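Structure file run_0.cif (mmCIF, N, CA and C atoms) is printed below.
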data_upload
loop_
_atom_site.group_PDB
_atom_site.id
_atom_site.type_symbol
_atom_site.label_atom_id
_atom_site.label_comp_id
_atom_site.auth_asym_id
_atom_site.auth_seq_id
_atom_site.Cartn_x
_atom_site.Cartn_y
_atom_site.Cartn_z
ATOM 1 N N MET A 1 4.363 -8.348 16.031
ATOM 2 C CA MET A 1 4.654 -9.303 17.121
ATOM 3 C C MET A 1 5.433 -8.615 18.237
ATOM 4 N N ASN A 2 6.629 -8.133 17.910
ATOM 5 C CA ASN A 2 7.449 -7.389 18.864
ATOM 6 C C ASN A 2 7.606 -5.951 18.395
ATOM 7 N N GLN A 3 8.583 -5.245 18.947
ATOM 8 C CA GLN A 3 8.841 -3.866 18.554
ATOM 9 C C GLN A 3 9.272 -3.794 17.094
ATOM 10 N N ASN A 4 10.203 -4.669 16.712
ATOM 11 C CA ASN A 4 10.759 -4.683 15.363
ATOM 12 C C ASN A 4 11.428 -3.337 15.063
ATOM 13 N N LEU A 5 11.693 -3.068 13.800
ATOM 14 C CA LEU A 5 12.274 -1.799 13.393
ATOM 15 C C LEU A 5 11.190 -0.909 12.804
ATOM 16 N N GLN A 6 9.957 -1.392 12.889
ATOM 17 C CA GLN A 6 8.814 -0.725 12.281
ATOM 18 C C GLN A 6 8.058 0.120 13.307
ATOM 19 N N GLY A 7 8.799 0.757 14.206
ATOM 20 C CA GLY A 7 8.186 1.618 15.204
ATOM 21 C C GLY A 7 7.458 2.786 14.573
ATOM 22 N N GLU A 8 8.040 3.319 13.506
ATOM 23 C CA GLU A 8 7.417 4.378 12.723
ATOM 24 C C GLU A 8 6.055 3.929 12.207
ATOM 25 N N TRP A 9 6.024 2.738 11.617
ATOM 26 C CA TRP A 9 4.788 2.152 11.111
ATOM 27 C C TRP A 9 3.746 2.066 12.218
ATOM 28 N N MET A 10 4.145 1.511 13.355
ATOM 29 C CA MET A 10 3.243 1.364 14.496
ATOM 30 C C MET A 10 2.666 2.715 14.914
ATOM 31 N N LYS A 11 3.529 3.722 14.996
ATOM 32 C CA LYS A 11 3.123 5.043 15.444
ATOM 33 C C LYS A 11 2.201 5.702 14.421
ATOM 34 N N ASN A 12 2.574 5.617 13.149
ATOM 35 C CA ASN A 12 1.806 6.245 12.081
ATOM 36 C C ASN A 12 0.473 5.544 11.870
ATOM 37 N N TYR A 13 0.459 4.224 12.027
ATOM 38 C CA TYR A 13 -0.762 3.453 11.835
ATOM 39 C C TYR A 13 -1.855 3.915 12.783
ATOM 40 N N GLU A 14 -1.541 4.000 14.069
ATOM 41 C CA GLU A 14 -2.530 4.404 15.060
ATOM 42 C C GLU A 14 -2.907 5.875 14.894
ATOM 43 N N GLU A 15 -2.001 6.651 14.315
ATOM 44 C CA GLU A 15 -2.256 8.061 14.050
ATOM 45 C C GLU A 15 -3.254 8.207 12.904
ATOM 46 N N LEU A 16 -3.085 7.376 11.885
ATOM 47 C CA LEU A 16 -3.928 7.428 10.701
ATOM 48 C C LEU A 16 -5.239 6.719 11.000
ATOM 49 N N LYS A 17 -5.139 5.719 11.858
ATOM 50 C CA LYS A 17 -6.289 4.993 12.368
ATOM 51 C C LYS A 17 -7.281 5.955 13.012
ATOM 52 N N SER A 18 -6.765 6.803 13.886
ATOM 53 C CA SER A 18 -7.587 7.775 14.588
ATOM 54 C C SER A 18 -8.024 8.899 13.645
ATOM 55 N N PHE A 19 -7.179 9.204 12.664
ATOM 56 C CA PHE A 19 -7.462 10.274 11.715
ATOM 57 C C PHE A 19 -8.597 9.866 10.776
ATOM 58 N N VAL A 20 -8.511 8.656 10.238
ATOM 59 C CA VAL A 20 -9.554 8.135 9.367
ATOM 60 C C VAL A 20 -10.865 7.943 10.113
ATOM 61 N N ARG A 21 -10.792 7.573 11.381
ATOM 62 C CA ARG A 21 -11.994 7.454 12.199
ATOM 63 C C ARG A 21 -12.737 8.800 12.241
ATOM 64 N N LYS A 22 -12.014 9.873 11.948
ATOM 65 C CA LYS A 22 -12.569 11.215 12.011
ATOM 66 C C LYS A 22 -12.951 11.735 10.619
ATOM 67 N N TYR A 23 -12.048 11.593 9.649
ATOM 68 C CA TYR A 23 -12.272 12.147 8.309
ATOM 69 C C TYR A 23 -12.478 11.076 7.236
ATOM 70 N N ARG A 24 -11.933 9.883 7.461
ATOM 71 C CA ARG A 24 -11.808 8.867 6.409
ATOM 72 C C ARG A 24 -10.955 9.403 5.269
ATOM 73 N N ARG A 25 -9.649 9.139 5.348
ATOM 74 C CA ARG A 25 -8.684 9.639 4.380
ATOM 75 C C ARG A 25 -8.537 11.158 4.468
ATOM 76 N N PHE A 26 -7.445 11.650 3.920
ATOM 77 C CA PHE A 26 -7.145 13.070 3.923
ATOM 78 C C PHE A 26 -6.783 13.544 2.516
ATOM 79 N N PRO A 27 -7.800 13.922 1.725
ATOM 80 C CA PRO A 27 -7.616 14.346 0.329
ATOM 81 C C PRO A 27 -6.812 15.640 0.199
ATOM 82 N N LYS A 28 -6.755 16.412 1.277
ATOM 83 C CA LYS A 28 -6.032 17.678 1.273
ATOM 84 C C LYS A 28 -4.566 17.451 1.631
ATOM 85 N N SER A 29 -4.351 16.723 2.726
ATOM 86 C CA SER A 29 -3.017 16.359 3.190
ATOM 87 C C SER A 29 -2.227 17.597 3.617
ATOM 88 N N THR A 30 -2.477 18.049 4.837
ATOM 89 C CA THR A 30 -1.810 19.226 5.376
ATOM 90 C C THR A 30 -1.426 19.012 6.841
ATOM 91 N N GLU A 31 -1.411 17.754 7.264
ATOM 92 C CA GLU A 31 -1.193 17.418 8.668
ATOM 93 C C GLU A 31 0.258 17.026 8.940
ATOM 94 N N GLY A 32 1.134 17.328 7.992
ATOM 95 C CA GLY A 32 2.559 17.123 8.196
ATOM 96 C C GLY A 32 2.987 15.668 8.128
ATOM 97 N N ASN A 33 2.844 14.954 9.240
ATOM 98 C CA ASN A 33 3.363 13.590 9.355
ATOM 99 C C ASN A 33 2.650 12.643 8.394
ATOM 100 N N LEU A 34 1.326 12.587 8.488
ATOM 101 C CA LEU A 34 0.541 11.744 7.591
ATOM 102 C C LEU A 34 0.626 12.273 6.171
ATOM 103 N N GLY A 35 0.703 13.591 6.049
ATOM 104 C CA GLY A 35 0.824 14.211 4.748
ATOM 105 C C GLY A 35 2.056 13.749 4.009
ATOM 106 N N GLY A 36 3.163 13.671 4.727
ATOM 107 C CA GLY A 36 4.403 13.216 4.134
ATOM 108 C C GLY A 36 4.373 11.728 3.866
ATOM 109 N N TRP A 37 3.782 10.988 4.799
ATOM 110 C CA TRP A 37 3.643 9.544 4.675
ATOM 111 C C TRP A 37 2.831 9.192 3.429
ATOM 112 N N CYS A 38 1.756 9.943 3.204
ATOM 113 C CA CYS A 38 0.901 9.745 2.039
ATOM 114 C C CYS A 38 1.649 10.078 0.751
ATOM 115 N N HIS A 39 2.465 11.128 0.796
ATOM 116 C CA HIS A 39 3.250 11.536 -0.368
ATOM 117 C C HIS A 39 4.171 10.408 -0.816
ATOM 118 N N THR A 40 4.882 9.818 0.137
ATOM 119 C CA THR A 40 5.743 8.678 -0.142
ATOM 120 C C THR A 40 4.909 7.459 -0.537
ATOM 121 N N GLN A 41 3.740 7.339 0.083
ATOM 122 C CA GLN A 41 2.877 6.181 -0.100
ATOM 123 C C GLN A 41 2.359 6.086 -1.530
ATOM 124 N N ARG A 42 2.236 7.234 -2.189
ATOM 125 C CA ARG A 42 1.804 7.278 -3.581
ATOM 126 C C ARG A 42 2.688 6.396 -4.453
ATOM 127 N N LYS A 43 3.996 6.521 -4.271
ATOM 128 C CA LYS A 43 4.958 5.787 -5.083
ATOM 129 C C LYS A 43 4.992 4.323 -4.683
ATOM 130 N N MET A 44 4.566 4.037 -3.463
ATOM 131 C CA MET A 44 4.545 2.667 -2.975
ATOM 132 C C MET A 44 3.511 1.868 -3.758
ATOM 133 N N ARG A 45 2.336 2.462 -3.913
ATOM 134 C CA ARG A 45 1.245 1.837 -4.648
ATOM 135 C C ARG A 45 1.518 1.918 -6.145
ATOM 136 N N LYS A 46 2.124 3.020 -6.565
ATOM 137 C CA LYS A 46 2.510 3.208 -7.958
ATOM 138 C C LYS A 46 3.506 2.132 -8.393
ATOM 139 N N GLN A 47 4.521 1.906 -7.568
ATOM 140 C CA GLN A 47 5.573 0.956 -7.892
ATOM 141 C C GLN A 47 5.084 -0.478 -7.715
ATOM 142 N N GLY A 48 4.182 -0.669 -6.761
ATOM 143 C CA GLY A 48 3.687 -1.998 -6.464
ATOM 144 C C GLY A 48 4.520 -2.685 -5.403
ATOM 145 N N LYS A 49 5.233 -1.891 -4.614
ATOM 146 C CA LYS A 49 6.072 -2.433 -3.555
ATOM 147 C C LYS A 49 5.319 -2.406 -2.241
ATOM 148 N N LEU A 50 4.131 -1.818 -2.286
ATOM 149 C CA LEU A 50 3.282 -1.694 -1.115
ATOM 150 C C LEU A 50 2.989 -3.080 -0.526
ATOM 151 N N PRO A 51 3.007 -3.205 0.810
ATOM 152 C CA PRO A 51 2.628 -4.428 1.498
ATOM 153 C C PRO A 51 1.119 -4.525 1.655
ATOM 154 N N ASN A 52 0.569 -5.649 1.236
ATOM 155 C CA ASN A 52 -0.871 -5.888 1.319
ATOM 156 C C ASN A 52 -1.367 -5.856 2.754
ATOM 157 N N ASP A 53 -0.508 -6.204 3.701
ATOM 158 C CA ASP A 53 -0.877 -6.115 5.109
ATOM 159 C C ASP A 53 -1.060 -4.660 5.507
ATOM 160 N N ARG A 54 -0.112 -3.827 5.101
ATOM 161 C CA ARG A 54 -0.197 -2.392 5.339
ATOM 162 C C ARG A 54 -1.420 -1.839 4.614
ATOM 163 N N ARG A 55 -1.619 -2.324 3.397
ATOM 164 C CA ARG A 55 -2.742 -1.926 2.558
ATOM 165 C C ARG A 55 -4.070 -2.303 3.220
ATOM 166 N N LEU A 56 -4.125 -3.516 3.747
ATOM 167 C CA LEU A 56 -5.328 -4.049 4.370
ATOM 168 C C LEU A 56 -5.643 -3.343 5.686
ATOM 169 N N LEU A 57 -4.616 -3.088 6.492
ATOM 170 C CA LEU A 57 -4.802 -2.440 7.791
ATOM 171 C C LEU A 57 -5.478 -1.078 7.650
ATOM 172 N N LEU A 58 -5.055 -0.293 6.665
ATOM 173 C CA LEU A 58 -5.673 1.009 6.421
ATOM 174 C C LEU A 58 -7.071 0.851 5.833
ATOM 175 N N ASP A 59 -7.263 -0.184 5.034
ATOM 176 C CA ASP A 59 -8.565 -0.451 4.437
ATOM 177 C C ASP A 59 -9.579 -0.786 5.524
ATOM 178 N N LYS A 60 -9.112 -1.525 6.523
ATOM 179 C CA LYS A 60 -9.947 -1.968 7.630
ATOM 180 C C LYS A 60 -10.353 -0.814 8.542
ATOM 181 N N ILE A 61 -9.512 0.208 8.644
ATOM 182 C CA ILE A 61 -9.838 1.358 9.482
ATOM 183 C C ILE A 61 -10.704 2.357 8.722
ATOM 184 N N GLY A 62 -10.867 2.125 7.425
ATOM 185 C CA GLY A 62 -11.768 2.939 6.637
ATOM 186 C C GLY A 62 -11.057 3.878 5.686
ATOM 187 N N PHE A 63 -9.790 3.608 5.398
ATOM 188 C CA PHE A 63 -9.050 4.428 4.452
ATOM 189 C C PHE A 63 -9.417 4.031 3.034
ATOM 190 N N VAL A 64 -10.218 4.873 2.411
ATOM 191 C CA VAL A 64 -10.707 4.617 1.079
ATOM 192 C C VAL A 64 -9.654 4.981 0.034
ATOM 193 N N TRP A 65 -9.499 4.117 -0.956
ATOM 194 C CA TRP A 65 -8.527 4.332 -2.014
ATOM 195 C C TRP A 65 -9.160 5.120 -3.148
ATOM 196 N N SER A 66 -10.473 4.948 -3.294
ATOM 197 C CA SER A 66 -11.252 5.634 -4.318
ATOM 198 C C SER A 66 -10.832 5.189 -5.721
ATOM 199 N N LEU A 67 -11.470 5.758 -6.732
ATOM 200 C CA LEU A 67 -11.074 5.509 -8.104
ATOM 201 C C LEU A 67 -10.458 6.763 -8.692
ATOM 202 N N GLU A 68 -9.177 6.936 -8.415
ATOM 203 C CA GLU A 68 -8.438 8.112 -8.844
ATOM 204 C C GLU A 68 -7.990 7.927 -10.282
ATOM 205 N N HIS A 69 -7.594 6.704 -10.592
ATOM 206 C CA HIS A 69 -7.240 6.331 -11.947
ATOM 207 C C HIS A 69 -8.461 5.748 -12.642
ATOM 208 N N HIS A 70 -9.166 6.590 -13.381
ATOM 209 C CA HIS A 70 -10.389 6.175 -14.051
ATOM 210 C C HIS A 70 -10.064 5.366 -15.301
ATOM 211 N N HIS A 71 -9.914 4.063 -15.111
ATOM 212 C CA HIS A 71 -9.589 3.148 -16.197
ATOM 213 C C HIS A 71 -9.674 1.712 -15.691
ATOM 214 N N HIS A 72 -10.860 1.126 -15.771
ATOM 215 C CA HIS A 72 -11.063 -0.237 -15.299
ATOM 216 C C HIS A 72 -10.952 -1.217 -16.458
ATOM 217 N N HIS A 73 -10.098 -2.216 -16.294
ATOM 218 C CA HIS A 73 -9.896 -3.225 -17.324
ATOM 219 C C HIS A 73 -10.914 -4.341 -17.139
ATOM 220 N N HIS A 74 -11.648 -4.253 -16.045
ATOM 221 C CA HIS A 74 -12.734 -5.170 -15.755
ATOM 222 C C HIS A 74 -13.814 -4.408 -15.003
#

Go ahead and express the file in the form of structure tokens.
Amino acid sequence: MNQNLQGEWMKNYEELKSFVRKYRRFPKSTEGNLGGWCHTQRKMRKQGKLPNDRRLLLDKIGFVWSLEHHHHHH
């Protein structure tokens, strides 16, 4: 809505938005900023503290989560 304190989020989102438009996710992760963001992001999804809005926004730009954990309960 406004600037909020999530300026980092805003900046990184459009950065990853443009990045995924080019590669669709970064399995290597060597681009520094997104690389570090992804590193922290691992624990976000691991812990389950991840925001579904944040989750959805990247999904919508084409950020694939893939099946890294091969174990479907359904």

Could you write out as a PyMOL selection string the residues that the PyMOL selection byres (((chain A and resi 35-42 and name CA) around 12) and name CA) matches in the shown file?
chain A and resi 8-9+11-13+15-16+19+25-34+43-51+54-55+58+63+65+68

Just the selected residues (N, CA and C atoms), exported as a CSV table (one decimal), in the frame of the given file, please.
chain,number,residue,atom,x,y,z
A,8,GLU,N,8.0,3.3,13.5
A,8,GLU,CA,7.4,4.4,12.7
A,8,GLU,C,6.1,3.9,12.2
A,9,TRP,N,6.0,2.7,11.6
A,9,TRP,CA,4.8,2.2,11.1
A,9,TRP,C,3.7,2.1,12.2
A,11,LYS,N,3.5,3.7,15.0
A,11,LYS,CA,3.1,5.0,15.4
A,11,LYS,C,2.2,5.7,14.4
A,12,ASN,N,2.6,5.6,13.1
A,12,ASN,CA,1.8,6.2,12.1
A,12,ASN,C,0.5,5.5,11.9
A,13,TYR,N,0.5,4.2,12.0
A,13,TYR,CA,-0.8,3.5,11.8
A,13,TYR,C,-1.9,3.9,12.8
A,15,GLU,N,-2.0,6.7,14.3
A,15,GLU,CA,-2.3,8.1,14.0
A,15,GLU,C,-3.3,8.2,12.9
A,16,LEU,N,-3.1,7.4,11.9
A,16,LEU,CA,-3.9,7.4,10.7
A,16,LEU,C,-5.2,6.7,11.0
A,19,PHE,N,-7.2,9.2,12.7
A,19,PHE,CA,-7.5,10.3,11.7
A,19,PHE,C,-8.6,9.9,10.8
A,25,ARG,N,-9.6,9.1,5.3
A,25,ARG,CA,-8.7,9.6,4.4
A,25,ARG,C,-8.5,11.2,4.5
A,26,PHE,N,-7.4,11.6,3.9
A,26,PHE,CA,-7.1,13.1,3.9
A,26,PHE,C,-6.8,13.5,2.5
A,27,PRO,N,-7.8,13.9,1.7
A,27,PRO,CA,-7.6,14.3,0.3
A,27,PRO,C,-6.8,15.6,0.2
A,28,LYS,N,-6.8,16.4,1.3
A,28,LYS,CA,-6.0,17.7,1.3
A,28,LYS,C,-4.6,17.5,1.6
A,29,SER,N,-4.4,16.7,2.7
A,29,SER,CA,-3.0,16.4,3.2
A,29,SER,C,-2.2,17.6,3.6
A,30,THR,N,-2.5,18.0,4.8
A,30,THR,CA,-1.8,19.2,5.4
A,30,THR,C,-1.4,19.0,6.8
A,31,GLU,N,-1.4,17.8,7.3
A,31,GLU,CA,-1.2,17.4,8.7
A,31,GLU,C,0.3,17.0,8.9
A,32,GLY,N,1.1,17.3,8.0
A,32,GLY,CA,2.6,17.1,8.2
A,32,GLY,C,3.0,15.7,8.1
A,33,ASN,N,2.8,15.0,9.2
A,33,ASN,CA,3.4,13.6,9.4
A,33,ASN,C,2.6,12.6,8.4
A,34,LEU,N,1.3,12.6,8.5
A,34,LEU,CA,0.5,11.7,7.6
A,34,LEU,C,0.6,12.3,6.2
A,43,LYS,N,4.0,6.5,-4.3
A,43,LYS,CA,5.0,5.8,-5.1
A,43,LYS,C,5.0,4.3,-4.7
A,44,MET,N,4.6,4.0,-3.5
A,44,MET,CA,4.5,2.7,-3.0
A,44,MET,C,3.5,1.9,-3.8
A,45,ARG,N,2.3,2.5,-3.9
A,45,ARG,CA,1.2,1.8,-4.6
A,45,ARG,C,1.5,1.9,-6.1
A,46,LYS,N,2.1,3.0,-6.6
A,46,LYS,CA,2.5,3.2,-8.0
A,46,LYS,C,3.5,2.1,-8.4
A,47,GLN,N,4.5,1.9,-7.6
A,47,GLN,CA,5.6,1.0,-7.9
A,47,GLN,C,5.1,-0.5,-7.7
A,48,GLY,N,4.2,-0.7,-6.8
A,48,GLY,CA,3.7,-2.0,-6.5
A,48,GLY,C,4.5,-2.7,-5.4
A,49,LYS,N,5.2,-1.9,-4.6
A,49,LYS,CA,6.1,-2.4,-3.6
A,49,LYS,C,5.3,-2.4,-2.2
A,50,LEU,N,4.1,-1.8,-2.3
A,50,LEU,CA,3.3,-1.7,-1.1
A,50,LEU,C,3.0,-3.1,-0.5
A,51,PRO,N,3.0,-3.2,0.8
A,51,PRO,CA,2.6,-4.4,1.5
A,51,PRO,C,1.1,-4.5,1.7
A,54,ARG,N,-0.1,-3.8,5.1
A,54,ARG,CA,-0.2,-2.4,5.3
A,54,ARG,C,-1.4,-1.8,4.6
A,55,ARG,N,-1.6,-2.3,3.4
A,55,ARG,CA,-2.7,-1.9,2.6
A,55,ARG,C,-4.1,-2.3,3.2
A,58,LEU,N,-5.1,-0.3,6.7
A,58,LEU,CA,-5.7,1.0,6.4
A,58,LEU,C,-7.1,0.9,5.8
A,63,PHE,N,-9.8,3.6,5.4
A,63,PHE,CA,-9.0,4.4,4.5
A,63,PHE,C,-9.4,4.0,3.0
A,65,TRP,N,-9.5,4.1,-1.0
A,65,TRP,CA,-8.5,4.3,-2.0
A,65,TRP,C,-9.2,5.1,-3.1
A,68,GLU,N,-9.2,6.9,-8.4
A,68,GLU,CA,-8.4,8.1,-8.8
A,68,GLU,C,-8.0,7.9,-10.3

Atom C of residue A:22 and atom CA of residue A:71, how far apart in Å?
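Distance between the two atoms: 28.4 Å.
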
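Put simply, atom CA of residue A:53 is 21.4 Å away from atom N of residue A:23.
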
So which residues get picked by the PyMOL selection byres (((chain A and resi 61 and name CA) around 9) and name CA) here, written as a short mmCIF file (atom, residue, chain, number, x, y, z; two decimals) with N, CA and C atoms, in the frame of the given file?
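Contents of part.cif, freshly written:
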data_model
loop_
_atom_site.label_atom_id
_atom_site.label_comp_id
_atom_site.auth_asym_id
_atom_site.auth_seq_id
_atom_site.Cartn_x
_atom_site.Cartn_y
_atom_site.Cartn_z
N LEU A 16 -3.08 7.38 11.88
CA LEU A 16 -3.93 7.43 10.70
C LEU A 16 -5.24 6.72 11.00
N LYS A 17 -5.14 5.72 11.86
CA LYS A 17 -6.29 4.99 12.37
C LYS A 17 -7.28 5.96 13.01
N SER A 18 -6.76 6.80 13.89
CA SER A 18 -7.59 7.78 14.59
C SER A 18 -8.02 8.90 13.64
N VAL A 20 -8.51 8.66 10.24
CA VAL A 20 -9.55 8.14 9.37
C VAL A 20 -10.86 7.94 10.11
N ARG A 21 -10.79 7.57 11.38
CA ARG A 21 -11.99 7.45 12.20
C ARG A 21 -12.74 8.80 12.24
N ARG A 24 -11.93 9.88 7.46
CA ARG A 24 -11.81 8.87 6.41
C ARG A 24 -10.96 9.40 5.27
N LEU A 56 -4.12 -3.52 3.75
CA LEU A 56 -5.33 -4.05 4.37
C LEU A 56 -5.64 -3.34 5.69
N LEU A 57 -4.62 -3.09 6.49
CA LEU A 57 -4.80 -2.44 7.79
C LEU A 57 -5.48 -1.08 7.65
N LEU A 58 -5.06 -0.29 6.66
CA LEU A 58 -5.67 1.01 6.42
C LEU A 58 -7.07 0.85 5.83
N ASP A 59 -7.26 -0.18 5.03
CA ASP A 59 -8.56 -0.45 4.44
C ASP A 59 -9.58 -0.79 5.52
N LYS A 60 -9.11 -1.52 6.52
CA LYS A 60 -9.95 -1.97 7.63
C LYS A 60 -10.35 -0.81 8.54
N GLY A 62 -10.87 2.12 7.42
CA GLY A 62 -11.77 2.94 6.64
C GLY A 62 -11.06 3.88 5.69
N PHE A 63 -9.79 3.61 5.40
CA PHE A 63 -9.05 4.43 4.45
C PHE A 63 -9.42 4.03 3.03
#

Separation of atom CA of residue A:52 from atom C of residue A:2 in Å:
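Rounded to one decimal, the two atoms are 19.1 Å apart.
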
Extract the full set of helix (DSSP H, G or I) residues from chain A according to DSSP on the backbone, and format it as a ChimeraX atom specification.
/A:7-23,33-47,52-61

Using all atoms of stretch 46-58 of chain A listed in the file and a margin of 6 Å per side, can you give the axis-aligned box centre and edge lengths in Å to one decimal, as JSON?
{"center_x": -0.5, "center_y": -1.5, "center_z": -0.3, "size_x": 25.1, "size_y": 21.4, "size_z": 28.2}
